[PDB]
Amino acid sequence: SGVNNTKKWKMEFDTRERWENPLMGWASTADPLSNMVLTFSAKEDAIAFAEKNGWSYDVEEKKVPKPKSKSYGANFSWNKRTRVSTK
Amino acid sequence: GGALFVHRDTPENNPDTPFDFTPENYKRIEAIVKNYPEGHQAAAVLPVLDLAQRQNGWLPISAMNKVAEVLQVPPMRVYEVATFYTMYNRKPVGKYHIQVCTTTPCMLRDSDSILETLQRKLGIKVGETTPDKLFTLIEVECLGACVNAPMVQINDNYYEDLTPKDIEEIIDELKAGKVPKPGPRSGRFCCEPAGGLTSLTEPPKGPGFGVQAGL
Amino acid sequence: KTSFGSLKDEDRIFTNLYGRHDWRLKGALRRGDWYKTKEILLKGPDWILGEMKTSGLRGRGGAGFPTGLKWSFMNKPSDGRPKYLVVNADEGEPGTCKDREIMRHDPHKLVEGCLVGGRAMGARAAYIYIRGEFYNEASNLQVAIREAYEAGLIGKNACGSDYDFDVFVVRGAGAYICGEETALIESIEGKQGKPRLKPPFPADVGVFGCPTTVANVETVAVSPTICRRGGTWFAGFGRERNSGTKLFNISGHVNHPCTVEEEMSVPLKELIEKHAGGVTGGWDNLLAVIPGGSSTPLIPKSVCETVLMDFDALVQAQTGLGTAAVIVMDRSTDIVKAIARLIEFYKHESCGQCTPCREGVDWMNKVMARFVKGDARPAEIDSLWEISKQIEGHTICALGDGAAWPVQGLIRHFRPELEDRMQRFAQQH
Ligand SMILES: Cc1cc2nc3c(=O)[nH]c(=O)nc-3n(C[C@H](O)[C@H](O)[C@H](O)COP(=O)(O)O)c2cc1C
Ligand code: SF4
Ligand code: FES
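What counts and how
- Residues numbered from 1 in each chain as written, not as in the entry; some residues may be left out.
- Chains lettered and ligands numbered in written order.
- Part of a larger assembly, values for the part shown.
- Heavy atoms only, no water.
- Helix = DSSP H or I, 4+ residues; strand = E, 2+ residues; numbered from the N terminus.
- Rg over C-alpha atoms; globule rule 2.2 N^0.38 Å.
- Buried < 20%, exposed > 50% of the residue type's maximum accessible area, 1.4 Å probe, protein only.
- Contact = heavy atoms within 4.5 Å.
- Areas by Shrake-Rupley, 256 points an atom, 1.4 Å probe, with all protein chains shown as cover.
- Axes fitted to C-alpha atoms, helices over the stretch in contact; angles between N-to-C directions.
- Parallel < 35°, antiparallel > 145°, perpendicular 65-115°, else oblique.
- Nonpolar A, V, L, I, M, F, W, Y, C, P; charged D, E, K, R; others polar.
- Core = buried A, V, L, I, M, F, W, Y, C linked by side-chain atoms within 4.5 Å.
- Patch = residues over 30% accessible without salt bridge, like charges linked within 9 Å, V, L, I, M, F, W, Y side chains within 5 Å.
- Salt bridge = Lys/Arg side-chain N within 4 Å of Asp/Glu carboxyl O.
- Expected span 1.5 Å × (residues − 1).
- Bend = angle between axes of the 7 residues up to and from the residue.
- Left-handed = near helix turned anticlockwise from the far one by under 90°.

- Structure determination for this PDB entry is given in the record as cryo-EM, at a resolution of 3.04 Å.

In C-alpha cells form, the structure reads like this:
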C-alpha cells in the first residue's frame, strides 16, 4: 500500500529477445538497453530527452486515484446496505 | 487448546447430526425475533442459539446451521458468535456444569480450596467431565457474586459464601437426584452483612415521602 | 460541607437492597415507586434533564460522565428514526454486585427509570442487556415487566400519558467486554461483542444504526427518585462536582463483606469499619486496597486512611472510583499474584480487534507470571511500565486502560516486593 514509487516519471525501452545459454541455462541478450531506466520529475522533461536523443516515444498519462467518500458510521446503518455483519 | 476455535467433522458433530427445534421453541423464536425491528432479525442469533443449547444441552454445527437457516443468516456469522461467547457449549457437557470463580475477590477468600475439594470428590481435573457424564468442572471469571465469596454456578443457579463442607453437601445432593437451594450457605441470605443489618433496619417511609412540591 | 459520612434510611434510595420486603409491585408502590410518574411524564423532558443536571448525578458504570449532558446529547428533533435506550446490566467488573442486587430485589425502580429516561430522550423502547449468568435476575425482571404491562404503567398508555413505551430484556452469553456502550450494542445487534469506534457517537448512530443512549442500572433506577424528591436534595449529598447516594461493594479479606448505600466523598476507613467489620486482622494488617473495580489502580495503607471515596479524591490519589467495589487485601497476600490474576482475567475477556490489548495484555500476563515466580530481572519493570503506557491511550476501548492501570499501581507502590522476589530467585537459581 505504499505510494512513494508513483511519483517520478520513468523511461523504459522495448523488450527484446532473451535466450537460455546452452552451457548453464542463464538468460542472454543482445540488447544493451535491456535494463536502461531513467528518472524524470515531469513528462515534458522525458519527452524532451527522448526527442533530443532521437528516440520514438509513446507516452502514458499519470493515474491518480479518485478521492473517495469514507465513513465509519456507514458500517452501522438502519436502512442502507452498507450495514456490515463483520466487526 | 481446549478452546480450539476450529471444527473438524466427526460422527458426533457433523452437519448431518440430528438437530431440530421443537414446535414450542419455534414460537419462542417467533417472539424473540418480534422483540427486534422488522428489518433487523439477525439480532436474535444469541438468544436463539442459547435456546438451542438449552434444548440440546450443547451446540453442534448442525444447530448453528439450523439457527442460520431459520433467521436466514450466513452460518459463519453464527460460528463467530458461538466461538466468541463462552456460555455457548460446543462440546457436550455434563448434567451439572460447575463453573468455579477464581478471580481475586473470590481467590482471596480461599477459592482454590473449593476447586480442590471438587477435584477430589468428583475424580476429575480442572476441565474434564465424569465417566457418568453428570459433572463438568471449569474455572471462570467474576460472576457478580464477589461479596458472597467463594461461589460457584451450576446450571443457571448460584451457590455462594460456601466452604468445603457445603460444597461436599451440594455434591452429595446432586448425586442423589436433588437440586439444592441457590444462595449463600452461611446465615446471611444475600449481600447483607453477616453480623447484622447495619444500613436499613428501619422500616421504609412509603409513598409520597420526600416528594418535591410543584410535582 | 464536610464529614459526608453517615446517611439515614429516610434518605436511602434502594430500600429493598437486602431482600427484606416483597420485590413485586405491591412492595414497590408501598415503598414509593410508580408514584406520580404520570405527572413526571406530563412534565416536559427538558425538566427531567434539568433535574438530572442540578442533581450532579454522574454515571456509575465506571466512568464519571454527567448524565444530564449525556442524556441531553439526545434531546434533538427526530429524523424519522426510532430512538432507543439501552441499560447496561453486564456487571463483569470484579467486585461488583450492586446491579445484581437491584435487578433482583427492586426491579420496578429500574423499569420506572427506563420509562423516565425514555421520555427524556424521546425513546421508543428500553433494551435491558443483562448478563447471561443472571438468569434468575432476568426472570424476576421479566415478571416485574409483565406486572407493569398488566397495570398499564408501560405499553400503549404508560400511566395515562399518551406516551407509548416498551421494555425488552436481553441476555448476554457471558462476556465482560459486552459491558461497553458499543460492544453492548453490537451484541444486541447479533454481532460479536467487538466495540466500535467514536465517532460516531451512539446518540447519532447507535443500536440498529439509530440514536442511542447507554446507561447503567443504578443511574436509571435513581432518575425517577431524583425527579420526584429533587435534584438539589440529591446534590446536598457529597461534594460539589460529585454528589449523590452511591452503592458500595466491600469484598475480600474483610470479615463482614456487604453491599451498602452511603454519601459519596465518605472516608474509606469509615466506610469499611462502620458497615463491614473491618479487615480481618485490623487496620494495621491492611496491605493495600482497590477502591473501585479491578480496572482501578491499587492504593496502599498509607493513603487509604485520609482518602475520600469519590471520583476526584481518588484521581488525586492516582486511582479512580469506578464502580465503587472496595477490594481489600491484608498482609497475607501475594499481591503480585492478585494483580497477575487480574491481568489473566483481562487477557481472557479481551475481544481482540485492536492490536495493543490483543498482544500486550497476554504479554503482560506472561511477564506477571514471571514476576510471581521471580524469573525476571529488575530491568524488566520499566519495560512493563512502557508497555502499559503503549497500551493505555492507543486502544478502541478502555479495557486496555483497565489492563494497564493495575500494573502501574503495583509498580508505583510495590516495586521492592518484585525486586526481592527477583533476588530470591537469583539466590535459588
Ligand atoms: C471493558 C468495559 C466494561 C464495562 N462494563 C460495564 C459494566 O459492566 N456496567 C456498566 O454500567 N458500565 C460498564 N462499562 C462502562 C460503559 O461505558 C457503560 O456502558 C457506560 O459508562 C454506562 O453509562 P453511565 O456510566 O453514564 O451510567 C464498561 C466499560 C468497558 C470499557
Ligand atoms: S482494548 Fe481489547 S477489548 Fe478493547 S477493543 Fe481493543 S482488543 Fe477489544
Ligand atoms: S470474583 Fe468471584 S464472583 Fe466476582
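Next, the rest of the story.
### Some thoughts on the overall build of chain C
Here's step 1: Counting its regular elements, chain C contains 18 helices and eleven strands.
Here's step 2: Taken against the 2.2 N^0.38 rule, which gives 22 Å for 429 residues, the C-alpha radius of gyration of chain C at 22 Å falls within 12% of a compact globule.
Here's step 3: Each principal axis of the C-alpha atoms in chain C carries an extent, and together these give about 75 × 45 × 35 Å.
Here's step 4: Counting all 429 residues of chain C, 65% fall into the buried class.
Here's step 5: Nonlocal contacts in chain C, meaning residues at least 24 apart in sequence, comprise 72% of its contacts between residues at least 6 apart.
Here's step 6: Surface summary for chain C: the accessible area is close to 14,900 Å², and the carbon and sulfur share equals 50%.

### Regarding the packing of helix 5 (residues 98–105) of chain C against helix 9 (residues 217–229) of chain C
All names here are of chain C.
Here's step 1: Axis separation between helix 5 and helix 9 bottoms out at 9 Å; the angle between their running directions is 50 degrees. With respect to helix 9, the axis of helix 5 lies oblique. Contact residues: helix 5 offers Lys98, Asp99, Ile102 and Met103, while helix 9 offers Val217, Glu218 and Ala221.
Here's step 2: Residue classes in the contact of helix 5 with helix 9 are distributed as four nonpolar, no polar and three charged.

### Some remarks on the nonpolar core
Burial of nonpolar side chains together is a common tendency in soluble globular proteins.
Here's step 1: One finds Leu268(C), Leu271(C), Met309(C) and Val326(C) to be the most contacted residues of the largest nonpolar core, which totals 95 residues.
Here's step 2: At seven residues, helix 6 (residues 107–121) of chain C tops the list of elements feeding residues into this core.
Here's step 3: Other than its neighbours up to four places away in sequence, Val326(C) contacts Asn249(C), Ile250(C), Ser251(C), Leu268(C), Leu271(C), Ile272(C), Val289(C), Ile290(C), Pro291(C), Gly292(C) and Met309(C).
Here's step 4: Formed by 55 residues, the second largest nonpolar core is a distinct cluster that contains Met87(B), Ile185(C), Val361(C) and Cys397(C).

### With respect to a nonpolar patch on the surface
All names here are of chain A.
Here's step 1: Nonpolar side chains collect at one region of the surface, where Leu23, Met24 and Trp26 lie side by side and expose about 420 Å² of accessible area between them.
Here's step 2: With respect to the helices and strands, the residue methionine 24 is situated in the loop between strand 2 (19–20) and strand 3 (27–28).
Here's step 3: With a relative accessible area of 51%, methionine 24 lands in the exposed category.

### Here we look at helix 9 of chain C
All names here are of chain C.
Here's step 1: Helix length check: helix 9, at 13 residues, gives a terminal C-alpha distance of 19 Å against a target of 18 Å (1.5 Å per residue), a fit within 8%.
Here's step 2: Most pronounced at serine 223, the bend in helix 9 amounts to some 30 degrees, and the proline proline 224 follows within four residues.
Here's step 3: Along helix 9, 13 of the 13 residues are buried, which leaves the element largely enclosed by surrounding structure.

### Describing the packing of helix 14 (residues 335–349) of chain C against helix 15 (residues 355–373) of chain C
Residues and elements named next belong to chain C.
Here's step 1: It is the contact of helix 14 with helix 15, at a shortest axis distance of 9 Å, that shows an interaxial angle of 160 degrees. Between helix 14 and helix 15, the crossing angle belongs to the class labelled roughly antiparallel. The hand of the helix 14/helix 15 crossing is left-handed. Contacts between helix 14 and helix 15 involve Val336, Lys337, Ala340, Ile343, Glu344, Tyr346 and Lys347 from the former and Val361, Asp362, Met364, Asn365, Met368, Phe371 and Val372 from the latter.

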